[PDB]
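Asker: Structure: final.pdb, PDB, C-alpha atoms.
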```
ATOM      1  CA  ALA A   1      -7.156   5.933 -27.560  1.00  0.00           C
ATOM      2  CA  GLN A   2      -8.083   2.984 -25.340  1.00  0.00           C
ATOM      3  CA  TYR A   3      -5.982   4.269 -22.483  1.00  0.00           C
ATOM      4  CA  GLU A   4      -6.414   8.020 -21.958  1.00  0.00           C
ATOM      5  CA  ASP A   5      -4.922  10.450 -19.507  1.00  0.00           C
ATOM      6  CA  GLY A   6      -7.619  11.514 -17.047  1.00  0.00           C
ATOM      7  CA  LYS A   7      -9.457   8.205 -17.544  1.00  0.00           C
ATOM      8  CA  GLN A   8      -7.777   5.013 -16.269  1.00  0.00           C
ATOM      9  CA  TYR A   9      -4.938   7.134 -14.986  1.00  0.00           C
ATOM     10  CA  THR A  10      -3.886  10.737 -14.489  1.00  0.00           C
ATOM     11  CA  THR A  11      -0.513  12.290 -15.113  1.00  0.00           C
ATOM     12  CA  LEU A  12       1.510  14.054 -12.431  1.00  0.00           C
ATOM     13  CA  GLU A  13       2.296  17.586 -13.596  1.00  0.00           C
ATOM     14  CA  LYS A  14       5.291  17.381 -11.277  1.00  0.00           C
ATOM     15  CA  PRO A  15       7.074  14.073 -12.028  1.00  0.00           C
ATOM     16  CA  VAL A  16       9.079  12.399  -9.274  1.00  0.00           C
ATOM     17  CA  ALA A  17      12.631  11.443 -10.269  1.00  0.00           C
ATOM     18  CA  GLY A  18      14.155   8.192  -8.984  1.00  0.00           C
ATOM     19  CA  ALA A  19      10.781   6.979  -7.690  1.00  0.00           C
ATOM     20  CA  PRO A  20      10.098   3.231  -7.279  1.00  0.00           C
ATOM     21  CA  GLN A  21       8.769   1.593 -10.428  1.00  0.00           C
ATOM     22  CA  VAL A  22       5.423   0.562  -8.955  1.00  0.00           C
ATOM     23  CA  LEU A  23       4.583   2.485  -5.781  1.00  0.00           C
ATOM     24  CA  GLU A  24       1.465   1.773  -3.735  1.00  0.00           C
ATOM     25  CA  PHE A  25       0.137   3.706  -0.704  1.00  0.00           C
ATOM     26  CA  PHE A  26      -2.346   2.443   1.826  1.00  0.00           C
ATOM     27  CA  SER A  27      -3.629   2.791   5.388  1.00  0.00           C
ATOM     28  CA  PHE A  28      -4.926   0.072   7.708  1.00  0.00           C
ATOM     29  CA  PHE A  29      -7.719   2.602   8.421  1.00  0.00           C
ATOM     30  CA  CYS A  30      -8.611   2.789   4.747  1.00  0.00           C
ATOM     31  CA  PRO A  31     -11.825   0.925   3.822  1.00  0.00           C
ATOM     32  CA  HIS A  32     -11.072   0.623   0.084  1.00  0.00           C
ATOM     33  CA  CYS A  33      -7.578  -0.528   1.081  1.00  0.00           C
ATOM     34  CA  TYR A  34      -9.165  -3.375   3.053  1.00  0.00           C
ATOM     35  CA  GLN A  35     -11.115  -4.373  -0.055  1.00  0.00           C
ATOM     36  CA  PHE A  36      -7.962  -3.994  -2.218  1.00  0.00           C
ATOM     37  CA  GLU A  37      -6.092  -6.369   0.044  1.00  0.00           C
ATOM     38  CA  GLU A  38      -8.722  -8.910   1.213  1.00  0.00           C
ATOM     39  CA  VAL A  39     -11.270  -9.109  -1.590  1.00  0.00           C
ATOM     40  CA  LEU A  40      -9.458  -7.919  -4.729  1.00  0.00           C
ATOM     41  CA  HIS A  41      -5.802  -8.838  -4.071  1.00  0.00           C
ATOM     42  CA  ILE A  42      -4.762  -5.862  -6.259  1.00  0.00           C
ATOM     43  CA  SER A  43      -1.057  -5.936  -5.383  1.00  0.00           C
ATOM     44  CA  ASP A  44      -0.916  -9.569  -6.233  1.00  0.00           C
ATOM     45  CA  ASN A  45      -2.740  -9.424  -9.522  1.00  0.00           C
ATOM     46  CA  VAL A  46      -0.628  -6.467 -10.599  1.00  0.00           C
ATOM     47  CA  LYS A  47       2.556  -8.429  -9.824  1.00  0.00           C
ATOM     48  CA  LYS A  48       1.255 -11.309 -11.953  1.00  0.00           C
ATOM     49  CA  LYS A  49       1.118  -9.022 -15.003  1.00  0.00           C
ATOM     50  CA  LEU A  50       4.153  -6.799 -14.489  1.00  0.00           C
ATOM     51  CA  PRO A  51       7.134  -7.499 -16.762  1.00  0.00           C
ATOM     52  CA  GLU A  52       9.976  -9.119 -14.964  1.00  0.00           C
ATOM     53  CA  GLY A  53      12.780  -6.976 -13.653  1.00  0.00           C
ATOM     54  CA  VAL A  54      10.180  -4.693 -12.033  1.00  0.00           C
ATOM     55  CA  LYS A  55      10.129  -4.102  -8.293  1.00  0.00           C
ATOM     56  CA  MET A  56       6.991  -3.476  -6.314  1.00  0.00           C
ATOM     57  CA  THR A  57       6.805  -1.119  -3.333  1.00  0.00           C
ATOM     58  CA  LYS A  58       4.041  -0.640  -0.759  1.00  0.00           C
ATOM     59  CA  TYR A  59       3.957   2.086   1.894  1.00  0.00           C
ATOM     60  CA  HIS A  60       1.702   3.046   4.819  1.00  0.00           C
ATOM     61  CA  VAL A  61       0.498   6.638   5.382  1.00  0.00           C
ATOM     62  CA  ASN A  62      -0.018   8.802   8.462  1.00  0.00           C
ATOM     63  CA  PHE A  63      -2.979  10.952   7.502  1.00  0.00           C
ATOM     64  CA  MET A  64      -5.639   8.509   8.710  1.00  0.00           C
ATOM     65  CA  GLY A  65      -6.297   7.466  12.311  1.00  0.00           C
ATOM     66  CA  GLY A  66      -4.184  10.117  13.985  1.00  0.00           C
ATOM     67  CA  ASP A  67      -1.800   8.768  16.606  1.00  0.00           C
ATOM     68  CA  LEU A  68      -2.519   5.143  15.772  1.00  0.00           C
ATOM     69  CA  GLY A  69      -2.026   5.922  12.084  1.00  0.00           C
ATOM     70  CA  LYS A  70       1.545   6.951  12.844  1.00  0.00           C
ATOM     71  CA  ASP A  71       2.064   3.865  15.014  1.00  0.00           C
ATOM     72  CA  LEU A  72       0.816   1.788  12.108  1.00  0.00           C
ATOM     73  CA  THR A  73       3.360   3.414   9.766  1.00  0.00           C
ATOM     74  CA  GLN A  74       6.163   2.570  12.184  1.00  0.00           C
ATOM     75  CA  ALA A  75       4.791  -1.016  12.464  1.00  0.00           C
ATOM     76  CA  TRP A  76       4.749  -1.325   8.708  1.00  0.00           C
ATOM     77  CA  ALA A  77       8.398  -0.197   8.731  1.00  0.00           C
ATOM     78  CA  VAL A  78       9.021  -3.031  11.211  1.00  0.00           C
ATOM     79  CA  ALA A  79       7.164  -5.438   8.968  1.00  0.00           C
ATOM     80  CA  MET A  80       9.289  -4.323   5.970  1.00  0.00           C
ATOM     81  CA  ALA A  81      12.575  -4.504   7.894  1.00  0.00           C
ATOM     82  CA  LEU A  82      11.837  -8.052   9.102  1.00  0.00           C
ATOM     83  CA  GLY A  83      10.200  -9.150   5.860  1.00  0.00           C
ATOM     84  CA  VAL A  84       6.984 -10.228   7.547  1.00  0.00           C
ATOM     85  CA  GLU A  85       4.509  -8.139   5.490  1.00  0.00           C
ATOM     86  CA  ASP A  86       2.623 -11.219   4.386  1.00  0.00           C
ATOM     87  CA  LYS A  87       2.100 -12.414   7.946  1.00  0.00           C
ATOM     88  CA  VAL A  88       0.779  -9.234   9.506  1.00  0.00           C
ATOM     89  CA  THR A  89      -1.146  -7.500   6.707  1.00  0.00           C
ATOM     90  CA  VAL A  90      -4.355  -9.440   7.137  1.00  0.00           C
ATOM     91  CA  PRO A  91      -4.542  -9.437  11.007  1.00  0.00           C
ATOM     92  CA  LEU A  92      -3.692  -5.710  11.008  1.00  0.00           C
ATOM     93  CA  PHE A  93      -6.537  -4.907   8.592  1.00  0.00           C
ATOM     94  CA  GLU A  94      -8.968  -7.038  10.521  1.00  0.00           C
ATOM     95  CA  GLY A  95      -7.801  -5.775  13.927  1.00  0.00           C
ATOM     96  CA  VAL A  96      -8.356  -2.174  12.839  1.00  0.00           C
ATOM     97  CA  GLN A  97     -11.537  -2.479  10.723  1.00  0.00           C
ATOM     98  CA  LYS A  98     -13.277  -5.791  11.418  1.00  0.00           C
ATOM     99  CA  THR A  99     -12.824  -6.765  15.072  1.00  0.00           C
ATOM    100  CA  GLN A 100     -11.647  -3.377  16.302  1.00  0.00           C
ATOM    101  CA  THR A 101      -9.206  -4.895  18.732  1.00  0.00           C
ATOM    102  CA  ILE A 102      -6.375  -2.600  17.749  1.00  0.00           C
ATOM    103  CA  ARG A 103      -6.431   0.559  19.855  1.00  0.00           C
ATOM    104  CA  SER A 104      -2.862   1.110  20.905  1.00  0.00           C
ATOM    105  CA  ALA A 105       0.714   0.366  19.919  1.00  0.00           C
ATOM    106  CA  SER A 106       0.605  -2.606  22.282  1.00  0.00           C
ATOM    107  CA  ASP A 107      -2.286  -4.174  20.389  1.00  0.00           C
ATOM    108  CA  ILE A 108      -0.381  -3.739  17.123  1.00  0.00           C
ATOM    109  CA  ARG A 109       2.566  -5.487  18.773  1.00  0.00           C
ATOM    110  CA  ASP A 110       0.277  -8.400  19.842  1.00  0.00           C
ATOM    111  CA  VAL A 111      -0.537  -9.036  16.145  1.00  0.00           C
ATOM    112  CA  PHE A 112       3.175  -9.524  15.387  1.00  0.00           C
ATOM    113  CA  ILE A 113       3.649 -11.739  18.491  1.00  0.00           C
ATOM    114  CA  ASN A 114       0.741 -13.929  17.456  1.00  0.00           C
ATOM    115  CA  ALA A 115       2.175 -14.142  13.934  1.00  0.00           C
ATOM    116  CA  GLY A 116       5.290 -15.508  15.612  1.00  0.00           C
ATOM    117  CA  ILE A 117       7.758 -12.613  15.580  1.00  0.00           C
ATOM    118  CA  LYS A 118       9.606 -12.625  18.892  1.00  0.00           C
ATOM    119  CA  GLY A 119       9.049  -9.910  21.487  1.00  0.00           C
ATOM    120  CA  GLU A 120      12.732  -9.066  21.620  1.00  0.00           C
ATOM    121  CA  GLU A 121      12.894  -9.102  17.827  1.00  0.00           C
ATOM    122  CA  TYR A 122       9.902  -6.794  17.477  1.00  0.00           C
ATOM    123  CA  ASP A 123      10.915  -4.315  20.181  1.00  0.00           C
ATOM    124  CA  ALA A 124      14.470  -4.075  18.814  1.00  0.00           C
ATOM    125  CA  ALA A 125      13.205  -3.466  15.245  1.00  0.00           C
ATOM    126  CA  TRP A 126      10.583  -1.004  16.532  1.00  0.00           C
ATOM    127  CA  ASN A 127      13.294   1.040  18.218  1.00  0.00           C
ATOM    128  CA  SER A 128      15.962   0.711  15.526  1.00  0.00           C
ATOM    129  CA  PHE A 129      17.347   3.567  13.392  1.00  0.00           C
ATOM    130  CA  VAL A 130      16.920   1.303  10.366  1.00  0.00           C
ATOM    131  CA  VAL A 131      13.173   1.499  11.108  1.00  0.00           C
ATOM    132  CA  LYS A 132      13.389   5.272  11.620  1.00  0.00           C
ATOM    133  CA  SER A 133      14.813   5.726   8.120  1.00  0.00           C
ATOM    134  CA  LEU A 134      12.234   3.293   6.725  1.00  0.00           C
ATOM    135  CA  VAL A 135       9.507   5.498   8.310  1.00  0.00           C
ATOM    136  CA  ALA A 136      11.312   8.502   6.777  1.00  0.00           C
ATOM    137  CA  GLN A 137      11.181   6.863   3.322  1.00  0.00           C
ATOM    138  CA  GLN A 138       7.439   6.195   3.569  1.00  0.00           C
ATOM    139  CA  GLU A 139       6.731   9.746   4.529  1.00  0.00           C
ATOM    140  CA  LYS A 140       9.057  11.167   1.864  1.00  0.00           C
ATOM    141  CA  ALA A 141       7.464   9.169  -0.983  1.00  0.00           C
ATOM    142  CA  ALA A 142       4.003  10.318   0.096  1.00  0.00           C
ATOM    143  CA  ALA A 143       5.312  13.871   0.356  1.00  0.00           C
ATOM    144  CA  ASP A 144       6.867  13.644  -3.136  1.00  0.00           C
ATOM    145  CA  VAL A 145       3.507  12.928  -4.810  1.00  0.00           C
ATOM    146  CA  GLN A 146       0.918  15.247  -3.167  1.00  0.00           C
ATOM    147  CA  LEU A 147      -0.688  12.338  -1.478  1.00  0.00           C
ATOM    148  CA  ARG A 148      -4.028  13.077   0.225  1.00  0.00           C
ATOM    149  CA  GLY A 149      -5.832   9.864  -0.641  1.00  0.00           C
ATOM    150  CA  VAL A 150      -5.455   6.121  -0.409  1.00  0.00           C
ATOM    151  CA  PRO A 151      -5.451   3.558  -1.884  1.00  0.00           C
ATOM    152  CA  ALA A 152      -3.082   4.990  -4.483  1.00  0.00           C
ATOM    153  CA  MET A 153      -0.710   3.576  -7.014  1.00  0.00           C
ATOM    154  CA  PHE A 154       1.977   5.474  -8.936  1.00  0.00           C
ATOM    155  CA  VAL A 155       3.977   4.070 -11.846  1.00  0.00           C
ATOM    156  CA  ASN A 156       7.515   5.389 -12.511  1.00  0.00           C
ATOM    157  CA  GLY A 157       6.906   8.535 -10.548  1.00  0.00           C
ATOM    158  CA  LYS A 158       4.831   9.885 -13.387  1.00  0.00           C
ATOM    159  CA  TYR A 159       1.432   8.153 -13.568  1.00  0.00           C
ATOM    160  CA  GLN A 160      -1.299   7.685 -10.978  1.00  0.00           C
ATOM    161  CA  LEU A 161      -3.931   4.934 -11.239  1.00  0.00           C
ATOM    162  CA  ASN A 162      -7.474   6.187 -11.434  1.00  0.00           C
ATOM    163  CA  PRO A 163      -9.856   3.377 -10.374  1.00  0.00           C
ATOM    164  CA  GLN A 164     -12.957   5.643 -10.385  1.00  0.00           C
ATOM    165  CA  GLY A 165     -12.668   5.500 -14.186  1.00  0.00           C
ATOM    166  CA  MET A 166     -12.970   1.680 -14.520  1.00  0.00           C
ATOM    167  CA  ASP A 167     -16.112  -0.550 -14.382  1.00  0.00           C
ATOM    168  CA  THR A 168     -16.993  -1.882 -10.900  1.00  0.00           C
ATOM    169  CA  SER A 169     -19.968  -3.974 -11.865  1.00  0.00           C
ATOM    170  CA  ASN A 170     -17.705  -7.018 -11.671  1.00  0.00           C
ATOM    171  CA  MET A 171     -14.837  -7.318  -9.202  1.00  0.00           C
ATOM    172  CA  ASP A 172     -12.732  -9.681 -11.349  1.00  0.00           C
ATOM    173  CA  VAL A 173     -13.032  -7.389 -14.353  1.00  0.00           C
ATOM    174  CA  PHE A 174     -12.142  -4.348 -12.248  1.00  0.00           C
ATOM    175  CA  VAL A 175      -8.898  -5.957 -11.007  1.00  0.00           C
ATOM    176  CA  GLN A 176      -7.813  -7.094 -14.497  1.00  0.00           C
ATOM    177  CA  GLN A 177      -8.439  -3.644 -15.915  1.00  0.00           C
ATOM    178  CA  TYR A 178      -6.491  -2.218 -13.012  1.00  0.00           C
ATOM    179  CA  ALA A 179      -3.538  -4.569 -13.536  1.00  0.00           C
ATOM    180  CA  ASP A 180      -3.532  -4.198 -17.340  1.00  0.00           C
ATOM    181  CA  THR A 181      -3.466  -0.460 -16.832  1.00  0.00           C
ATOM    182  CA  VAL A 182      -0.393  -0.777 -14.622  1.00  0.00           C
ATOM    183  CA  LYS A 183       1.290  -2.965 -17.255  1.00  0.00           C
ATOM    184  CA  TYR A 184       0.467  -0.458 -20.011  1.00  0.00           C
ATOM    185  CA  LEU A 185       1.793   2.438 -17.922  1.00  0.00           C
ATOM    186  CA  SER A 186       4.842   0.338 -17.099  1.00  0.00           C
ATOM    187  CA  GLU A 187       5.635  -0.130 -20.790  1.00  0.00           C
ATOM    188  CA  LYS A 188       5.056   3.538 -21.556  1.00  0.00           C
TER     189      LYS A 188
END
```
In structure tokens, what does this structure look like?

Answerer:
Amino acid sequence: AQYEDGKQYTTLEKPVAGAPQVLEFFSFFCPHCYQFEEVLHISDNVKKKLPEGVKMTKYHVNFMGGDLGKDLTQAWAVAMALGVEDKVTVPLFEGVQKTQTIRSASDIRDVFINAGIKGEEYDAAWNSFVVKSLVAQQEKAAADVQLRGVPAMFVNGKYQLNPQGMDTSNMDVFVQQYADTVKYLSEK
């Protein structure tokens, strides 16, 4: 076939019931994740090809960057709760990997402040039980799928994208193949 298990995707031998339709995992410490966000705009190009009626979910993971990794997962929960993902994603990536100005929870906080979220508003979210359960959800979804590597994308709790098995000679072509694969898996 043109799309084959173990080629553009792999199949989970242990499917995850009730899982989000399109589920993406990343880390602000993750170099390919930086590329995926800044250079390739994977999430976006996938959205552009997904059928409509499909929801897209993106979660942060703990297993990179130790204590700051966990802080970053709580901060992403804050970003999700306040709906400011699209204002903090880029400065977080660049603060961790490009300028290396993020070293503590306080520096993460500064990124939100500079993006215009209010101190009060951030610290309340940060400390809220709604954010605790949002952190819980991120961890649970990672736990549900055996996750030891990022970036990662899962479709309907049963298929996992496999970018190693796509051409990388051209970045535009890689993305399109990636997105088309998601659409195909979506329709499966």

Asker: So, counting all atoms listed in the file, which residue among A:175, A:115, A:108, A:82 is closest to residue 39 of chain A?

Answerer: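 Among A:175, A:115, A:108, A:82, it is A:175 that comes nearest to residue 39 of chain A.
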
Asker: Find, counting all atoms listed in the file, the residue in A:9, A:36, A:29, A:76 that gets nearest to residue 132 of chain A.

Answerer: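 The closest residue to residue 132 of chain A is A:76.
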
Asker: Nearest to residue 67 of chain A among A:35, A:181, A:153, A:105, with distances taken over all atoms listed in the file: which residue is it?

Answerer: A:105

Asker: Run through the PyMOL selection byres ((chain A and resi 134) around 10) on the given coordinates and return the selected residues as number ranges by chain.

Answerer: A: 59, 73-74, 76-78, 80-81, 128-133, 135-140

Asker: I need the residue nearest residue 123 of chain A from this list: A:102, A:185, A:79, A:23. Use only C-alpha atoms for the distance.

Answerer: A:79

Asker: How would you write, as a PDB file with C-alpha atoms, keeping the file's coordinate frame, the residues chosen by the PyMOL selection byres ((chain A and resi 30) around 9) on this structure?

Answerer:
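That gives us result-v1.pdb:
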```pdb
ATOM      1  CA  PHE A  26      -2.346   2.443   1.826  1.00  0.00           C
ATOM      2  CA  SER A  27      -3.629   2.791   5.388  1.00  0.00           C
ATOM      3  CA  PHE A  28      -4.926   0.072   7.708  1.00  0.00           C
ATOM      4  CA  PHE A  29      -7.719   2.602   8.421  1.00  0.00           C
ATOM      5  CA  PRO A  31     -11.825   0.925   3.822  1.00  0.00           C
ATOM      6  CA  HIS A  32     -11.072   0.623   0.084  1.00  0.00           C
ATOM      7  CA  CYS A  33      -7.578  -0.528   1.081  1.00  0.00           C
ATOM      8  CA  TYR A  34      -9.165  -3.375   3.053  1.00  0.00           C
ATOM      9  CA  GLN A  35     -11.115  -4.373  -0.055  1.00  0.00           C
ATOM     10  CA  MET A  64      -5.639   8.509   8.710  1.00  0.00           C
ATOM     11  CA  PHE A  93      -6.537  -4.907   8.592  1.00  0.00           C
ATOM     12  CA  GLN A  97     -11.537  -2.479  10.723  1.00  0.00           C
ATOM     13  CA  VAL A 150      -5.455   6.121  -0.409  1.00  0.00           C
ATOM     14  CA  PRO A 151      -5.451   3.558  -1.884  1.00  0.00           C
TER      15      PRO A 151
END
```

Asker: Kindly resolve the PyMOL selection byres ((chain A and resi 16) around 10) on the present coordinates and return the residues as a VMD selection string.

Answerer: chain A and resid 12 to 15 17 to 20 141 144 to 145 154 156 to 159

Asker: Measure the distance from atom CA of residue 54 of chain A to atom CA of residue 69 of chain A in Å and round it to one decimal.

Answerer: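 Spanning atom CA of residue 54 of chain A to atom CA of residue 69 of chain A is a straight-line distance of 29.0 Å.
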
Asker: Taking only C-alpha atoms into account, which of A:160, A:101, A:62, A:2 comes nearest residue 142 of chain A?

Answerer: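 Closest residue, counting only C-alpha atoms: A:62.
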
Asker: Please determine, counting only C-alpha atoms, which residue among A:87, A:48, A:58, A:98 has the shortest atom-to-atom distance to residue 179 of chain A.

Answerer: A:48

Asker: Kindly extract all protein, DNA and RNA residues lying within 12 Å of the coordinates (-0.9, -9.6, -10.1) given in the file, considering all atoms listed in the file, and supply them as a ChimeraX atom specification.

Answerer: /A:36-37,40-52,56,172,175-183

Asker: Between atom CA of residue 89 of chain A and atom CA of residue 10 of chain A, what is the distance in Å, rounded to a tenth?

Answerer: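 These two atoms are separated by 28.1 Å.
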
Asker: In Å to one decimal, how far is atom CA of residue 174 of chain A from atom CA of residue 1 of chain A?

Answerer: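 Atom-to-atom, atom CA of residue 1 of chain A to atom CA of residue 174 of chain A, that is 19.1 Å.
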